[PDB]
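J.: I have a structure I would like to understand better, so I am pasting it below and will then ask my questions one at a time.
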Amino acid sequence: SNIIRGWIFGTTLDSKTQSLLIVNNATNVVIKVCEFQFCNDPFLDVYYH
Amino acid sequence: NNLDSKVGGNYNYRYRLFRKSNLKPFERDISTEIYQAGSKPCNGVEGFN
Amino acid sequence: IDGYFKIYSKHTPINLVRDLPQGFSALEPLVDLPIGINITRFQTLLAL
Ligand SMILES: *[C@@H]1O[C@H](CO)[C@@H](O[C@@H]2O[C@H](CO)[C@@H](O)[C@H](O)[C@H]2NC(C)=O)[C@H](O)[C@H]1NC(C)=O
Ligand SMILES: *[C@@H]1O[C@H](CO)[C@@H](O[C@@H]2O[C@H](CO)[C@@H](O)[C@H](O)[C@H]2NC(C)=O)[C@H](O)[C@H]1NC(C)=O
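Chains as they are written, first to last, in PDB author numbering: chain A, 98 to 146; chain B, 439 to 487; chain C, 197 to 244.
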């Protein structure tokens, strides 16, 4: 039933350096390599609303 | 010269002058953060050496 | 490796109870992309 979605990879994860995003939905993938600011425990859930 | 030079100097062009370790092949370090030349730890934005 | 990041994968159905199953097979490569970034850490994403 496809609970798993994607992965995150980096060195510092803190926008002082670049880091990379991998994600999935019903079929598609994006990969992106910005200086992402994340959080303590971010994720993607089913954002139904 | 004939397209990238400027009479006031084309100081848009910048390069890294200091690094802890020499980079790996095809690495790209975008960090603008401070470097230490004196033995003291340095914080924020400036220091002696 | 040296300017590239690359991914390999496989899928199989099984009926083993509660563990990573036995048997054998190998992963096919699915993509490569030059991110050039230094990497040291990672995480995985799941939905409610
Ligand atoms: C999976 O996610 C992507 C976006 O992350 C969706 O792609 C967009 O879909 C709409 C409608 O087809 C387009 O207007 C956008 O241009 C698409 N973006 C890109 C980058 O192509 C995609 O529709 C999602 N799929 C499902 C079924 O949820
Ligand atoms: C890739 O990123 C890692 C993590 O920032 C770097 O590892 C650090 O290296 C410096 C200098 O040797 C040390 O101060 C840190 O203690 C190291 N941390 C870890 C987790 O080992 C690594 O040097 C970077 N690689 C390159 C080629 O710049």
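C-beta atoms are modelled at their ideal positions from N, C-alpha and C, and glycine is treated no differently.
1. Under 7 Å: does the beta carbon of A:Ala123 sit that close to some heavy atom of ligand 1?
2. Just the chain B side, please: which residues come within less than 9 Å of C:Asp198 by C-beta, in chain order?
3. Can you determine whether any heavy atom of ligand 2 sits closer than 7 Å to the C-beta of C:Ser221, and answer yes or no?
4. Helix, strand or coil for A:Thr124 per DSSP?
5. Anything in the stretch 124-136 of chain A with a Cβ closer than 7 Å to a Cβ of chain C? List those residues in chain order, please.
6. Against C:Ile231, what residues of chain A qualify as contacts under a CB-to-CB distance less than 7 Å, listed in chain order?
7. Taking the Cβ atom as the reference point for each residue, do A:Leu117 and A:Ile101 lie within a distance shorter than 8 Å?
8. Would you list the residues sitting across from C:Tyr204 in a DSSP beta bridge?
9. If we call anything under 8 Å between Cβ atoms a contact, is C:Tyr200 one with C:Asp228?
10. Excluding the five sequence neighbours on either side, which residues of its own chain have a C-beta within less than 8 Å of the C-beta of A:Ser112, listed in chain order?
11. Quick check: does the Cβ of C:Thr236 come within less than 7 Å of any heavy atom belonging to ligand 2?
T.: Based on what the coordinates show:
1. True, at least one ligand heavy atom lies under 7 Å from that Cβ.
2. Ordered by position in chain B, the residues that pass the 9 Å Cβ test against C:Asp198 are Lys462, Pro463, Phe464.
3. Incorrect: C:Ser221 has no Cβ contact closer than 7 Å to ligand 2.
4. Secondary structure at A:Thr124: coil, using DSSP grouped into helix, strand and coil.
5. The residues in question are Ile128, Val130.
6. Within chain A, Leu117, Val130 have C-beta atoms less than 7 Å from the C-beta of C:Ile231, given in sequence order.
7. Taking a C-beta distance under 8 Å as the contact criterion, A:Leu117 and A:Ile101 do not qualify as a contact pair.
8. BP columns for C:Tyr204 point to C:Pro225.
9. Between C:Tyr200 and C:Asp228, the CB-CB gap stays under 8 Å.
10. Hits under 8 Å: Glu132, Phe133, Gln134.
11. Relative to ligand 2, the beta carbon of C:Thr236 is positioned inside 7 Å of a heavy atom.
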